[PDB]
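A single chain comes next, written as structure tokens; it is the form deposited in one PDB entry.
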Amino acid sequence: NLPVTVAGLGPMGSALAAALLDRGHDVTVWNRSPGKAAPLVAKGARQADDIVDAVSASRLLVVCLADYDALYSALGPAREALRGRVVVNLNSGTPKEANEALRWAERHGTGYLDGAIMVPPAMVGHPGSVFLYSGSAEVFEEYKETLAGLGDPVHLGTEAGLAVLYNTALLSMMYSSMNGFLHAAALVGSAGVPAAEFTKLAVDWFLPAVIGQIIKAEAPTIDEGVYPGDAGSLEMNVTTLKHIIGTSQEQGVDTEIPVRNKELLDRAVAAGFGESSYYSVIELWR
């Protein structure tokens, strides 16, 4: 029974603590407010009312505070106790805040890893759960087996802000992809095709086999940064989008999604990228 402390018992922190209890750890729990520990205590956790006692219980401190709270403030009273312990911070807001907390930790003689949880609380500890980490490689090596109880642990690198940045990036990709799916679903839905039908071709096939495979085939060319347009140019795609918009209007389906996508291309054609490949649109954003 390897001791672990969880500081922060919102829905996410509580799921973390429950998962660690299920794996047989000696879990100490702390929260700014009383009343959130009882369900964890009923599962074998010990509540520590004072942060110093919670910090002192364990070398591994798993922190998941509310957004508006701050590690320096929650753990400030435990300054001295933090020396020689490790913070795994699972709720940094931004990359700069991760970097700030790493320096904070260093000043106290505390190891530091930042992590981003890629699943909802109910999925923590279950197959499918992935947690992205950044910061100390040594800390990661020390604790990866314990952290694998929470989700598949992936170390991105030493820069403290890489996990929050990846999370941010993947979510940005998710919002656009989901909108694209829903626009597509509205289009086939104008002909009576249910969304659950449409997913057989859109998700089981097109998403990985077409979108995903083209991204894989194109990514080294992106990194090269020339973007030749001989196999198909950015401006040719403005034509395809005009078509999509016209078909959408014939079907009585809203055109905001394809018109905004056409505007991203018009910006690029004004900047000089029309005869480059589609992927050159990324240069307006870097």
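Residues that one form lacks are left out of the comparison. Superpose the two forms; the largest set of C-alphas matching within 1.5 Å is the rigid core. In this text, residue numbers run from 1 along the sequence as written.
One more form of this protein should be noted, the form deposited with a small molecule bound, which is absent from this view; the next part is about it.
Asks: Tell me, please, which stretch of 83 to 91, 143 to 151, 97 to 105, 156 to 164 lies within 4.5 angstroms of the small molecule in the bound PDB entry when heavy atoms are compared?
Replies: Only one stretch qualifies here: 83 to 91.
Asks: Can you work out whether residue 66 and the small molecule are in contact in the bound PDB entry, taking contact to mean some heavy atom pair no more than 4.5 Å apart?
Replies: Yes, residue 66 is a contact residue.
Asks: Answer with yes or no whether residue 117 is in contact with the small molecule in the bound PDB entry, where contact means some heavy atom within 4.5 Å.
Replies: Residue-level check for residue 117: yes, a contact with the small molecule.
Asks: Please check if residue 33 has a heavy atom lying within 4.5 Å of any heavy atom of the small molecule in the bound PDB entry.
Replies: Although the small molecule is absent here, residue 33 would touch it in the bound PDB entry, with heavy atoms inside 4.5 Å.
Asks: When the contact criterion is heavy atoms within 4.5 Å, does residue 274 count as touching the small molecule in the bound PDB entry?
Replies: No, residue 274 sits far enough from the small molecule in the bound PDB entry that none of its heavy atoms falls within 4.5 Å.
Asks: State the residue from 74, 188, 123, 202 whose non-hydrogen atoms include one within 4.5 Å of the small molecule in the bound PDB entry.
Replies: Contact check passes for 74.
Asks: In sequence order, what are the runs of at least 3 consecutive residues whose C-alphas shift by 2 Å or more between the shown form and the other one once the core is aligned?
Replies: The runs that move are 199 to 201, 220 to 223, 230 to 232.
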